[PDB]
Structures are given as structure tokens and as C-alpha cells.
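Undergrad: model the following, please.
(one chain, ligands or ions: 2)
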Amino acid sequence: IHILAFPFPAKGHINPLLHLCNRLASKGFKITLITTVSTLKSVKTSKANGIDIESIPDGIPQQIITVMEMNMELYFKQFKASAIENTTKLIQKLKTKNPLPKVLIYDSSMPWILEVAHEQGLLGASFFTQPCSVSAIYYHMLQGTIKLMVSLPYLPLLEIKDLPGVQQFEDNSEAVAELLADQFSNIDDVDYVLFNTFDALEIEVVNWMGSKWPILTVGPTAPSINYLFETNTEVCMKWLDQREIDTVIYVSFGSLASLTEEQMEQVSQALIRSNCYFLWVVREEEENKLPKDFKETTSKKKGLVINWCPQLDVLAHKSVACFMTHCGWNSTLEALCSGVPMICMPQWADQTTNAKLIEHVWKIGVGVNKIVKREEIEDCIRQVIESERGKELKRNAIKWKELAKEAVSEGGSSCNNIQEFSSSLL
Ligand SMILES: C[C@]12CC[C@H](O)C[C@H]1CC[C@@H]1[C@@H]2CC[C@]2(C)[C@@H](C3=CC(=O)OC3)CC[C@]12O
Ligand SMILES: O=c1ccn([C@@H]2O[C@H](COP(=O)(O)OP(=O)(O)O)[C@@H](O)[C@H]2O)c(=O)[nH]1
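TA: Residues are numbered from 1 along each chain as shown. Ligands and ions are numbered 1, 2, ... in the order given. The coordinates are given below.
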């Protein structure tokens, strides 16, 4: 059986779908991953995956998300129109080859790909890369129950700052809010609704959505073949192997978020004076905002500054004591499933809500208070590395790690749901 997979062209959307594809290929399915030209330019390793990679045009002018940032309203619709045309053309080509495609798993943020799947005679599966708790907000947004203290069914009481952040996007704010709510615009017509979460993590909201539509919780999809992009694996893991247990702060703001030069100074000085060992991912295009001699010498005593790391392998390493994170869902879930407590500095979109869930529901991290000054960051490091509170957060993270292991092992909710999905296709 031949499965097609089409993530949104950003790493936090590609990676969790890639991990699901790797699981499905292990069960015997043929996988074709559909990527933009822009994404393929960053792909460095793929041979070991055995997955076919097929590229489509970017569909907007010539990094594709940085062109999209210039005018989200216009360029997301241009990307949509081009994606519809070019995925149609690609499927038409794939229909001249055996085995014929049978299902298209597509990013939930591109709900209009469902029309392409059905027009081509394929089943359509929408893949949600955010937790059900956050996705629920987007549904209520579409229904008009909420726009842009807040009570919503089966969610903790939220402060305004805890709702998904779109005001940060300025003139793009309206376009981004529309994109998020539209994830539910055709949910009744989707053949399969997949969420990268596990039931025990959000019992009540999963049960609530399950009462409206049959949904399949299949997360964590995360488990070499684990990475498509350059991860600097040998440098990172040789350095971690030199650190004792529970001594390293891992720091990453993901694949998209950019901090101002003012904000990165506060992070830099906070890390130096904590006198903690640290591994800080600073993307190549963001290095020029680091203080003068930070990467070259003053970080050399206690730190590793790297433009990308193998995040799954880093979070699994016993040396890592905590994870200073922007709270994107992959990072949150990967830390939770690795037993690693967090320092939350959310930037925008669902990160704000994820940070609330981390601190107050799952209780595996602490939040910083706003610019975030270095003094606040060092305080949070002390709470997690030294204080009794940090030992509680660590124990809580280990309990969630155990429940996530249960979910993906035989008999667990996510294993059962991936089995149900696989069997449905046969
Ligand atoms: C506005 C934004 C801000 C961050 C970067 O500057 C990139 C731009 C354009 C791309 C845009 C992000 C803001 C976040 C996004 C809506 C993000 C998504 C979040 C989601 O749930 O579905 C898509 C992917 C990337 C995104 O489409
Ligand atoms: O040095 C890094 C930093 C991040 N990641 C991966 O990049 C994705 C980050 O996604 P997330 O949802 O956390 O945030 P986003 O980048 O979408 O804002 C995840 O797959 C991380 O595992 C990584 O492999 N190496």
C-alpha cells in the first residue's frame, strides 16, 4: 500500500510527519514524501530512509517561510493555489507507477489538500501537529466562540497571555488567525483525523473531540533515519558524552522563532553566569545577533553553540538537566517523552498555550516573566537545577515519560490507534 505524505514546509511540520512515515514504513507501507524545492535544498540525508522524496515548486517567489512572512495574506494563498496545482500534477504522475497511491496524509494547516485527495480518488488524512488542547481553541475560533480570564471546555482557566499569540505577527495577524481556525473547516469530510499526542496527556479534551469526530491519537510519532537535515551529530554527542549526569542546560528556540539582538544578550549573560554547562542551538542566520566573542571564546569554557543539533538524541542524553525552550509542540512533547523538565520562553502562536500547559497542567516546567531579563532566566535555572521545586518537576517529567512509553508500546493507546489506521488501509 502506497501512502503519500505532504507536510507544511517548515521543520516542526516536516519532522513529526517524517517520524510517522518511518513508523508506517516499518509496517510495510510504501511512502512518498512531498517536499517543496525550498525544503529539499536543506535536505542532506535521505538515502537511509528508503522513503521516496518528490519535490514540487515553492509556488511563491524565491527560504520559503521567510518570503511568506513578507505578506502572509497574499503568499499563503499563492502557496495554496500552487500546491493544489502541483500536487495534482504529481499525483497524476504517480498514478502511472506501481504501487498506486492510496492515501494522502497532509498537514492539518492545509485543509484544502483534502479536495485534491478526493478528486484523485485517494483517502485523505489530516495530520495535526499541535496538541488537542490547543487545537480545540482553533475549533472554537472557527465556530466564532472566541476571537484573536478565558474559559473554554476542558481547558484550564487561561489568562489573555495564555491564548495562542497572533498579535505578535502585526499585519500578518489576521491571515495567521484565519489559517489556524481553518484547520477545522472541513473536518467532517476527512477520512482520518490524526493527532500527534497521546490520550493520557489530555484525557478530557481528547474524549470531548472523540464525541464529535472519530480521531486517532498517534503520538509521540518521534521514536540514522530520524533526521533529514544537518544535525552536527558527532560534535554534539561527543561534547555531551564529556558531561556528567544532570549538568547541561539545553537551549533552543526551534526552527522559526528569531530573538532580537537585545534579547539574545540577556540569554547569553544568563547562561554564562549560571556557571552551568549549556548546549545552545543558534541557527546560522541568527549567529550575527550573538554578543561579540560569545561563540568563539567566552562560551568555550562551559558551552557548545551549534547551528542545529540532533534534538531527539540530545534530550535522551543523561547529561541534560533541563531544556530552555520556546515551547513549540514538538519540543514540548519530545522533552516530556524524554523526562526533561523545561524553562518556558514562548514567543508566539501555540507556544504561549503550551507554556501554560507545561507549567500548570503537566507541571514539568517553570515560566519566565517579561524583554526577558537575564536575572529572570538565572532564577528559573536555579529553580530547576538546584531547588526542591526542580526535583519535583523532574519526577513529574519521568512520570509522563512512563505514560508516553506506555502509549507507544504494544497495547498502548497510540500503538492501538496506529494499528487501527494501518488495518483500515488494508
Ligand atoms: C508568520 C510566521 C512567523 C515566524 C516566521 O517569521 C515565519 C512567518 C511565516 C510563516 C508562519 C509564521 C507563524 C507560524 C505559522 C503560521 C506556522 C503554523 C502554525 C500552525 O499551527 O500551522 C502553521 C508555520 C509557519 C507559519 O505559517
Ligand atoms: O537543534 C534542533 C532544534 C530543533 N530540532 C527539531 O526541530 C523541530 C522543532 O519543532 P517545534 O514544534 O518544537 O518548534 P518550531 O520550529 O515549529 O517553531 C522539532 O522536530 C525538533 O526536534 C532539531 O532536530 N534540532
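
Undergrad: only C-alpha atoms for contact and neighbour calcs from this point on.
TA: OK.

Undergrad: residue 60 against residue 81, yeah?
TA: No - the pair formed by residue 60 and residue 81 falls short of the contact definition of C-alpha atoms under 8 Å, at 9.8 Å.

Undergrad: tell me which of those two has more neighbours.
TA: More neighbours surround residue 60 than the other of residue 60 and residue 81, with 19 against 14 (other C-alpha atoms under 10 Å).

Undergrad: measure that one to residue 34 for me?
TA: To residue 34, residue 60 is 17 Å away according to C-alpha to C-alpha, to the nearest Å.

Undergrad: do the same with residue 52
TA: 9 Å.

Undergrad: comparing these two, which shows the higher neighbour count?
TA: Comparing residue 52 with residue 34 by other C-alpha under 10 Å, the one with more neighbours is residue 34, at 23 against 14.

Undergrad: ok, now which ones touch that one?
TA: Residues near residue 34 by C-alpha atoms under 8 Å, 6 or more residues apart in numbering: 4-7, 53-56.

Undergrad: check which helices and strands the longest helix anywhere in the chain sits against.
TA: Counting by DSSP state H, the longest helix found in the chain is helix 72-94. Under the contact criterion of 3 or more C-alpha pairs under 8 Å, 6 or more residues apart in numbering; DSSP states H and E, helix 72-94 touches strand 52-56, helix 64-68, helix 113-119, helix 173-181.

Undergrad: same list, these, but as TSV with distance to residue 187 please.
TA: Formatted as TSV, these follow (distance: least, C-alpha to C-alpha, whole Å):
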stretch	distance to residue 187
strand 52-56	26
helix 64-68	26
helix 113-119	10
helix 173-181	11
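
Undergrad: for stretch 69-88, buried residues please.
TA: 72-73, 75-76, 78-80, 82-84, 86-88 (16 or more other C-alpha atoms under 10 Å).

Undergrad: residue in the stretch 51-200 of the chain with the shortest distance to ligand 1?
TA: residue 69 (4.0 Å; C-alpha to the nearest ligand atom).

Undergrad: tell me the contacts of that residue?
TA: residue 172.

Undergrad: look up how far residue 236 lies from residue 72.
TA: From residue 72 to residue 236 the distance is 35 Å (C-alpha to C-alpha).

Undergrad: show me the domain layout of the protein.
TA: Segmentation of the chain into domains, based on automatic domain parsing, reads 2-225+406-424, 233-405.

Undergrad: do the longest one and ligand 2 meet?
TA: Same thing as domain 2-225+406-424. Yes - for domain 2-225+406-424, a contact with ligand 2 is found by C-alpha under 6 Å from any ligand atom, at 11-12, 15.

Undergrad: between the two ends of that domain, how far is it?
TA: Start and end residues of domain 2-225+406-424 are separated by 13 Å (C-alpha to C-alpha).

Undergrad: roughly how far out does that domain sit from the chain middle?
TA: Its chain's C-alpha centre and that of domain 2-225+406-424 lie 11 Å apart, by C-alpha atoms, centre = their mean, to the nearest Å.

Undergrad: can you pull the residues of the stretch 251-400 of the chain lying near ligand 1?
TA: 256-257.

Undergrad: mind listing the strands for the stretch 251-400 of the chain?
TA: 277-281, 303-306, 320-325, 342-344, 365-367 (DSSP state E, counting those that start in this stretch).

Undergrad: tally up the residues packed near residue 242, please.
TA: 9.

Undergrad: quick check: phi and psi on it?
TA: phi -90, psi 0 (degrees, to the nearest 10).

Undergrad: who touches the residue nearest in space to the middle of the chain in this structure?
TA: Centroid-nearest residue in the chain: residue 330, 3.1 Å away (criterion: C-alpha atoms, centre = their mean). Counting by C-alpha under 8 Å, 6+ apart, residue 330 makes contact with 12, 16, 129.

Undergrad: for the last one, which residues are in contact?
TA: Remark: with contacts taken as C-alpha under 8 Å, 6+ apart, residue 129 is in contact with 12-13, 16, 107-108, 195-196, 329-330.

Undergrad: of those, which belong to helices?
TA: 12-13, 16, 329-330.

Undergrad: quick one: residues in contact with stretch 383-392.
TA: 247, 321-322, 341-343, 365-366, 393.

Undergrad: what residues sit buried inside that stretch?
TA: 383-385, 390-392.

Undergrad: what's the burial count for residue 237?
TA: Neighbours of residue 237 using other C-alpha under 10 Å come to 15.

Undergrad: and for residue 338?
TA: Residues near residue 338, counting by other C-alpha under 10 Å: 23.

Undergrad: what sits against it?
TA: Contacts of residue 338 by C-alpha under 8 Å, 6+ apart are 315-316, 397-398, 401.

Undergrad: how near is it to ligand 1?
TA: 23 Å (C-alpha to the nearest ligand atom, to the nearest Å).

Undergrad: ok, that residue to residue 255 distance?
TA: For residue 338, the distance to residue 255 - C-alpha to C-alpha - is 20 Å.
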